[PDB]
Structures are given as C-alpha cells and as structure tokens.
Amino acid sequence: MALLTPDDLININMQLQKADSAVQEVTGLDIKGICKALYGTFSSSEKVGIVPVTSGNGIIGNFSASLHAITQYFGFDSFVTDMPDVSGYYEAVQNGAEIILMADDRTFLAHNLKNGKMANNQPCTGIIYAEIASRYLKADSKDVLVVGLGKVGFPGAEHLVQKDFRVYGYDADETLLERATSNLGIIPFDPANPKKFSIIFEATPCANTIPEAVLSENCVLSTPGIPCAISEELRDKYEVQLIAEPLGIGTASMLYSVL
C-alpha cells in the first residue's frame, strides 16, 4: 500500500505553486485551466467538508490539513470536521457541506451532495496527469510512453488512447500489461529495444522506472507517483520538464469532475 506519509505533505502550498508554474510552462494553462478544459466546469467557492478517517492504518498527519490548503488554493470554502468517520460525516452534512471529501486506505472520494456526482481519486489523478502530458506545447509527435498501468495508470492510458495519441505502455506485471494491451489497443513497450519520447506518463510507487534510453532533451515527465521516476542527474542531463505533486492536482481533478 503506497500511501502518503506526513513528510510528503510538508508545505503543500509551496509544492502546489511550483507544480502550478510547471503546468503553466508546459501546457500554457494552469491547473485550474486544465481542469476547466477537461471537464468544462468552474468553481463557485463551494462548501467542501473534509472528514478525517481512522479506518485501516488511520489518520495520516497533514492529510486533512493539506486538503484544506489545496481546496483554499483553488478557491473553495472548505473546512475539516472536529469528529472523524461517521460522526465526522454527520458533522459535515450538518454544517452545510455541499461536497464531502474523505478517504480510507483503498478509496479517496469526492461526493457532490447537490448533483449526486462522485469522483474516485485514482481515475481522476490518472486522467489529469495524462491530460497535462498530452497538452505539452513543444511536442513534435503524438508518441506517449506510459509506465505503470494500475489503478492510476490504466485510466490515464485510456484517456490518452481516446485522445487519439500513439500510446506505448509498460508494466512490471505482465498480466496487467497484456490485459491493458488487449483492452486499450496500446503498443506493448519493450525495454530491450527502446525509443525516445517527448511525452512520458508514469504512475508507479517506485524510483528509477524511466531509463535514459527513453529520454529526449526537454521531455515531459508527468508523474503522480512517489517518489521520483527519474534520478536527479538524469533530470538535469536532459532538462526534463517535471510535473509531480503529492495530492493537490488529483484533488483538483476530483473536485472539478463533480462540479
């Protein structure tokens, strides 16, 4: 279970600002602009109730506080309930929450009580990070490499295929790889004979998943994964334009997806 740790969420504002500027530099739009382009929707400072959950491994330090800052950053009227779990859910609804935002170890959801729409963090994160990669201004071809085809990677790959991109996929689990290639029609990437990419989407909980033989100078690496798919040196060597942020972007995707 590759879950957030409290230290991933240290000064979430500075992380989200730098990611926002990176998205601006890469796509020409900010995270808000991406969300608008994706869902055709906009914020109206909605009231979102953040409910801490003690289920499974329990409350993660900085989690509900980071969600508060993220929602505030995107101009939402958010609050964290005093009580957790069902008691916290009750408090949220009582205090006039329009969107409930809550997570256990397997599901992080956003539920708009007004319109009945509900978002899952995994597909929402996959779609937005793939969307950002796809909107790279300085891309010469529609070739996109996807590494990691799990709960985040598969929806992201699907989104790229549906946008008529040439999608190359790899996953260390070949069951998931062969199940992805048949269901999506993606070209199975072979690391034995690689090619260079200008657009790369990685959704893996591991480091060093993107080899040097895959990189081209100024390429885009869009990755929600923790830690970093590429080494510090390989990032400098190829001046890789990096889109990586622990919570805010995927949360923005969830919120705008239910508006």
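Residues carry their position along the shown sequence, with the first being 1.
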| item | value |
| --- | --- |
| Third-or-more of other entries without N57 | yes |
| Higher-scoring stretch by recorded Cα B factor average, 77-85 or 130-138 | 130-138 |
| 149-157 versus 173-181 - which carries the larger mean C-alpha B factor in the record | 173-181 |
| C-alpha B-factor winner, where the candidates are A207, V48, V51, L29 | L29 |
| Top residue by Cα temperature factor, when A203, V214, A65, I59 are compared in the entry | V214 |
| Within-chain third of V240 by Cα B-factor, per the entry | highest |
| Ranked against its chain, the third holding the CA B-factor of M254 | lowest |
| Where the record places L247 (Cα B-factor, split into thirds across the chain) | lowest |
| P188 - which third its CA temperature factor falls in, relative to the rest of the chain | highest |
| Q162 - Cα temperature factor, lowest/middle/highest third of chain | highest |
